[PDB]
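Excluded from the calculations below are hydrogen atoms, water molecules and symmetry mates; all remaining heavy atoms, backbone and side chain alike, are included. Every chain is numbered from 1, with letters handed out A, B, ... down the list of sequences.
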6 protein chains.
Amino acid sequence: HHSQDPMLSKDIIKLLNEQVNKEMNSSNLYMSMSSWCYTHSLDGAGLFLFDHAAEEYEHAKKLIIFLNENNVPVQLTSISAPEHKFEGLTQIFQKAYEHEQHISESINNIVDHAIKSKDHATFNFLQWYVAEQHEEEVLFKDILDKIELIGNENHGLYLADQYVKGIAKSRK
Amino acid sequence: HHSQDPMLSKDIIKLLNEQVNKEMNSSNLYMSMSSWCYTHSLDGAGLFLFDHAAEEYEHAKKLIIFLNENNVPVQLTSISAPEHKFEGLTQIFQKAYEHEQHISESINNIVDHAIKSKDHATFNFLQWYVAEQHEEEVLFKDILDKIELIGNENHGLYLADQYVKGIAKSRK
Amino acid sequence: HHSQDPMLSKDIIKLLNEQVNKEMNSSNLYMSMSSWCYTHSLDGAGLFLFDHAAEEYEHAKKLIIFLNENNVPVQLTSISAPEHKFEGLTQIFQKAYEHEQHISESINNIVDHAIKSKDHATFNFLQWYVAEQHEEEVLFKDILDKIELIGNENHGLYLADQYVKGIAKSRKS
Amino acid sequence: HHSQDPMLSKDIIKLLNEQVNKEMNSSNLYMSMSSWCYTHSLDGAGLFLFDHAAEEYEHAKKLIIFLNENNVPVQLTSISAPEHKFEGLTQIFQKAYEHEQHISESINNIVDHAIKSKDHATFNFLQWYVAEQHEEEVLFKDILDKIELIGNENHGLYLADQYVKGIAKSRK
Amino acid sequence: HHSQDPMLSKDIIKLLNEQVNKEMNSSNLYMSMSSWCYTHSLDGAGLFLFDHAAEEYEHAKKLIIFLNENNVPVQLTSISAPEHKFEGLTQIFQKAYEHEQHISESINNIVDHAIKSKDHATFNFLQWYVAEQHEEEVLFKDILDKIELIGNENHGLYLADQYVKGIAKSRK
Amino acid sequence: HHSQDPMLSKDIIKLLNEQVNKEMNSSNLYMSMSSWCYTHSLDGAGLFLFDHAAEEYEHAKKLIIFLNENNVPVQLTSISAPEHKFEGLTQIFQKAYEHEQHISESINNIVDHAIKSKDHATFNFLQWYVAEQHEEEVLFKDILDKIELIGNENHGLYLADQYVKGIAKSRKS
Ligand SMILES: [Fe+3]
Ligand SMILES: [Fe+3]
Ligand SMILES: [Fe+3]
Ligand SMILES: [Fe+3]
Ligand SMILES: [Fe+3]
Ligand SMILES: [Fe+3]
Ligand SMILES: [Fe+3]
Ligand SMILES: [Fe+3]
Ligand SMILES: [Fe+3]
Ligand SMILES: [Fe+3]
Ligand SMILES: [Fe+3]
Ligand SMILES: [Fe+3]
Ligand SMILES: [Fe+3]
Ligand SMILES: [Fe+3]
């Protein structure tokens with residue numbers, strides 16, 4: 001039997017499949033960072049990063065759904081194991097904020113390509129994704145700002161972890 | 001500051017970490033199988049397999065939670081691209097059922113090791129997982145049974161896909 | 001058309017089928033005991049044993065369901081005519097308690113075999129059955145204890161039967 | 001202590017005790033037929049026949065209750081192992097319909113004996129049983145009629161099983 | 001009058017009776033640790049440890065119930081006076097965590113003996129106890145981790161006690 | 001860091017700590033009595049005595065709470081192994097009633113000491129304990145009266161146990 005051709009262009013297909021794998025890598029990275037926090041008595045950060053990792057997989061699932069609906073084959077690729085060794089809470093959140101900046105950049109790029117190739121179905125679809133990623137990038141900026149304000153001096157790690165714990169709980 | 005040592009034995013840690021990675025791999029496989037179905041007009045099987053893939057990630061998360069609570073570092077390994085080429089609906093579910101048999105075996109192995117090393121916290125924890133995996137293995141057996149009963153002659157693929165669609169919706 | 005092979009091992013299949021037939025045999029034994037009581041003015045014990053017999057059939061059905069879901073053919077055997085002649089209420093409950101002890105042992109044997117064969121699907125499935133059988137064994141122990149505490153002196157049978165009647169009614173609701 | 005004699009005649013006692021054993025045998029036959037269906041991918045018929053087997057045991061229990069209330073000793077004899085060899089879905093339902101015909105005949109016989117004996121307590125008691133058996137005989141006639149209407153050609157068994165599955169669920 | 005013999009084996013009887021006495025001893029230890037905290041201005045830890053002591057007595061009662069139902073005589077031996085000399089909050093929780101580890105080991109031992117003896121009534125019974133003990137061991141690990149993360153420098157004891165006070169109230 | 005001194009006098013502290021240990025000892029005695037009953041087919045008395053044992057521990061906890069709030073160190077002593085061999089239901093309740101009489105006396109002694117030392121915080125605190133202990137002493141008197149009225153002639157033990165079972169159940173709800 002005959003099935004209809006993919007409804008998206010080759011360039012958009014490539015960028016979207018790359019994005020699915022980027023989100024899966026993100027989930028892995030954040031699970032690893034979370035585990036580091038959990039094994040170093042920082043369960044506030046552990047919980048926050050675990051929940052964030054899960055949300056990254058949710059992004060991957062939403063991108064996959066869009067690919068499926070357009071008759072576009074999903075291309076799940078090989079991905080390196082995430083980094084597992086970290087220096088401390090500050091370094092983790094510095095690395096995470098940088099990572100979010102990079103993800104934001106990657107989304108901006110696809111949206112720009114949608115405009116260029118007049119793919120406004122894809123432009124329209126990606127708007128939840130632009131909005132949600134901006135929120136996440138702002139969130140990591142805010143957490144990093146707070147960790148740096150508190151500092152590492154006497155009880156500082158505890159104070160920072162409890163602050164992140166509060167955010168983790170409030171974000172359901 | 002000092003954090004407490006991992007609360008599980010080296011062998012159990014190894015087996016549980018391997019299992020996390022197995023479930024992550026399973027999620028990728030099922031996403032790939034789902035995509036094949038969606039791009040070959042089998043959206044019933046597409047939906048069922050997508051939802052099943054998501055459930056495998058849920059298993060991985062629950063295993064991670066148990067590792068975290070026991071102060072056991074999560075060791076996420078490199079991701080290898082899942083199989084993406086398939087012959088048809090029957091072959092997909094034959095491969096899936098075989099995969100589920102393998103997963104059941106892997107769980108039986110961990111539970112047996114928990115008994116052998118007198119790790120009854122782990123034994124007790126794994127019981128939801130034994131129960132749920134059994135349900136999944138039976139489900140795949142039943143779907144494969146139905147696909148083979150229906151056949152492949154005129155309208156057969158359609159009837160099978162609609163049957164699987166019904167199951168997918170009922171499990172929501 | 002091809003159907004999938006049985007999902008359980010040959011040894012586990014045989015034990016579970018044997019257990020189905022054990023529960024069916026138990027149901028008949030208890031119906032016969034129940035009838036003896038009813039025909040000897042012991043309707044409290046009659047009701048208790050009737051309801052217990054019915055619960056044994058429910059156990060058989062639950063085991064059959066598990067076999068069915070695993071693509072395991074159910075093998076129902078001949079059921080021997082149960083004992084029908086009894087000496088009295090005490091003898092019936094002595095026999096019943098001994099029977100319950102045997103059933104408990106038979107379950108322990110299957111669960112042990114599941115562990116040894118690494119069949120944790122079956123191990124996990126049987127836990128409701130282990131728990132419910134333990135409660136049943138304890139119940140028959142308690143009833144036997146009570147019958148023996150009361151005795152058959154002046155109104156003893158009546159008192160014991162009423163005691164059992166109360167239990168029967170409480171287990172309904 | 002003296003207990004009152006049985007309240008029913010020797011002939012009625014014999015017939016009712018035989019009926020209890022007939023219903024128990026029926027339950028076993030239906031469990032066996034059910035198992036055949038389940039192990040041959042016909043879970044619609046499997047469920048239907050399982051639920052029917054349980055209903056036949058319910059009939060046995062109700063007959064036992066009536067014997068008990070009349071101070072009539074219940075005489076359970078050996079219950080021979082049921083047939084387990086079956087050719088297919090049509091043959092199972094052909095055998096089942098014929099079996100239900102025999103059961104209907106057995107009930108008619110007891111009711112006639114009650115009339116002849118002027119045992120109107122028993123006549124009146126059996127009315128639920130006459131009505132329920134009639135409904136069951138009609139039901140098996142209808143299912144067999146449908147299995148034969150559908151036939152075994154391309155997807156026929158699947159359609160028949162799904163039809164019977166519908167009936168099974170509606171009688172829950 | 002004759003009463004039925006104990007329903008459990010001699011080895012299982014010994015182990016369960018020893019466990020009752022262990023739980024009673026644990027209750028006393030925790031009451032003593034609780035009192036130390038209360039009399040040293042650590043009422044958060046005082047409340048937590050008091051409530052924990054009461055929970056250990058609840059475990060003793062549940063084990064006693066199981067012995068009673070099996071016609072097994074309860075053998076209460078002398079319960080030696082608990083340690084009352086403590087150095088500080090960290091030492092108390094270090095000792096507590098080590099104590100919970102020992103309790104976990106004792107339970108694993110009984111469950112293993114039940115398996116070896118084919119006593120699955122006892123195995124099945126103990127599952128609530130395995131699960132609840134695991135949660136308690138994890139909890140003490142977490143509290144100790146937090147006490148050590150905070151430390152004893154300026155306001156450290158106060159912060160740790162308030163943290164434990166929070167946990168105490170949340171478990172009510 | 002400095003914590004405030006105990007808020008109660010040395011003599012009151014000692015009496016209250018002794019009372020904590022008395023209640024813990026009582027709990028164990030009653031658990032042992034309860035077990036004897038359960039293992040001799042007297043589950044009514046078994047349940048009653050088990051629930052009573054648990055209530056004694058609750059008394060110990062309430063006393064500990066008072067000590068804690070007054071910055072008084074709790075001093076838990078060794079608990080001797082309770083008596084475990086008994087002659088029968090009557091002897092158990094004779095022993096229990098005598099025990100309750102002793103507990104009542106021990107409370108009277110503390111309350112009297114509180115009055116003499118002008119410790120009315122402690123006097124006031126103990127009033128729930130005086131009241132609850134009186135109700136307990138009366139209850140054991142009543143049960144003993146009933147066991148002795150019934151006796152052990154033909155079905156006597158059964159009747160007495162069922163009577164106690166009814167009390168046990170009524171005190172739950
Ligand atoms: Fe993000
Ligand atoms: Fe994102
Ligand atoms: Fe699975
Ligand atoms: Fe799984
Ligand atoms: Fe049984
Ligand atoms: Fe049973
Ligand atoms: Fe019928
Ligand atoms: Fe019928
Ligand atoms: Fe058709
Ligand atoms: Fe504990
Ligand atoms: Fe414990
Ligand atoms: Fe500070
Ligand atoms: Fe008292
Ligand atoms: Fe008292």
If you tally heavy-atom pairs under 4.5 Å against chain E, which of B:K118, B:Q127, B:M7 wins? B:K118
Is the centre of the E:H134 ring less than 6.0 Å from the centre of the B:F66 ring? yes
Distance check, rounded to the nearest 0.5 Å: E:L149 atom CG versus B:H2 atom NE2? 12.5 Å
Separation of E:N109 CG from B:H120 NE2 (nearest 0.5 Å): 9.5 Å
Might you point out which heavy atoms bring E:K141 and B:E69 nearest each other, and give the distance in Å? NZ-O, 2.8 Å
Nearest 0.5 Å, what's the CD-CD1 distance between B:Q4 and E:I143? 12.0 Å
Hey, could you give me the CG/CG distance between E:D112 and B:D119, rounded to the nearest 0.5 Å? 11.5 Å
Which atoms of B:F125 are under 4.5 Å from chain E, going by heavy atoms: the side chain, the backbone, both sets, or neither? neither
Is chain B contacted by the side chain of E:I115, its backbone, both, or neither, given a heavy-atom distance below 4.5 Å? side chain
Count the heavy atoms of every other residue, nucleotide or ligand shown that sit under 6.0 Å from NE2 of E:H84, and state whether that count exceeds 12. no
Can you tell me if NE2 on B:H155 sees more than 12 non-hydrogen neighbours from other groups inside 6.0 Å? no
Just checking E:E135: does its CD atom have more than 12 heavy atoms from other residues, nucleotides or ligands closer to it than 6.0 angstrom? yes
Is it the case that more than 12 heavy atoms not belonging to B:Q91 sit under 6.0 Å from its CD atom? yes
Region of E:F140 in contact with chain B, defined by heavy-atom distances below 4.5 Å: neither
Side chain / backbone / both / neither for E:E137 at chain B, heavy atoms under 4.5 Å: both
Derivation and outcome, side chain to side chain contact (heavy atoms under 4.5 Å, CB included), residues B:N124 and E:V111: CA-CA 11 Å; B:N124 174 264; E:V111 174; over 6 Å; no
